């Protein structure tokens, strides 16, 4: 028995099934083994969908409204979003996403959900892995009242069917796209998958990529940061945000293994759902329960480790948008454990994890494993050097959006 976890990759041997059909596999998914066969006409249809502002209610919001091509397909936040929750605003005033949105560059390397050995979960789209594929993912934004707010697949089908996009989809997929709501959603997903898997959506054009391939050097400070990033006794970042500068092949450096961990970033008290003090976004365990994985609450507070390419142009950081500077996101790792009150709004422990799940939080990975009264693993100069290294991961098109002072905030329109 085998399963294919990335497009065109070799089938992987399945050793077991977890819950409703999540495969456990015998070997690590290798991103270099995927094969993305170009499909220019289907990818162009996906791009047409991506930029179509008729696909929201009220009209005016496209996928690009939260995934700006000018910012590595990460959000350029609206004024209300900047002034309030620091996550994307949806199609209406006063409605916002429940989480921050990531860059969609390199998203084609997010594998299907799987376990690999205890065995650990990997893959799935969204930060809680609740969509198995890009085709399934777009059901989220299309029908979420806090995002694009289409009322139903039936309503969206009727709307699209009256437009040129409807004609283009019917031309390619047949006339029933206008009469079968679930077929319409499925073929929107097929088109989108082709666009998001196209080569232009994985450019590998950063200065780090030039250092890996063309041997174009980084600065001494950037090299210090790279060494801290891979130092298990200081940054230890590479243990989750994995990289390999080998074979001059940039795709071995995606800065994530697509696994899950629980680092317990501070509560974003400006997020609407957090007005309820009993509400916590618990991440992966909600997906685990839907998939009937065993003992799903062991995964509460776990979130998918994000890749760090183009991180330095984002306007807010982490799944809840809680940090507004890259340096704060890095500094959090250094003193979360030694100085919890600085990070958790005065509390001595995590303020965005229910008491019931505080034991799920990682307190043994360096640098988050030092009790108060112990010196932190790194100095402030070390943190500065790590930021300098992360800034080398910006694709060439976008370097002007990084703050010119590295401790600052990304450029805003």
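Positions refer to the first chain, counted from 1.
- According to the PDB entry, the deposited sequence runs on from residue 219 to residue 220 with no residue lacking coordinates between them.
- The mean C-alpha temperature factor is higher for 222-230 when 305-313 and 222-230 are set side by side.
- As listed in the deposited structure, the average C-alpha B-factor of 4-12 and of 402-410 is greater for 4-12.
- You'll see in the entry that, of 341, 87, 155, 188, the Cα B factor peaks at 341.
- Taking only the listed residues 162, 215, 130, 108, the entry reports the highest CA temperature factor at 215.
- Annotation for residue 366: C-alpha temperature factor in the middle third relative to the rest of the modelled chain, per the entry.
- Per the PDB record, residue ranking by Cα B-factor puts residue 211 in the highest third of the chain.
- Among all modelled residues in its chain, residue 261 ranks in the lowest third by Cα B-factor.
- Ranked within its chain, residue 348 lands in the highest third, by CA B factor from the PDB record.
- Among all modelled residues in its chain, residue 147 ranks in the lowest third by Cα B-factor.
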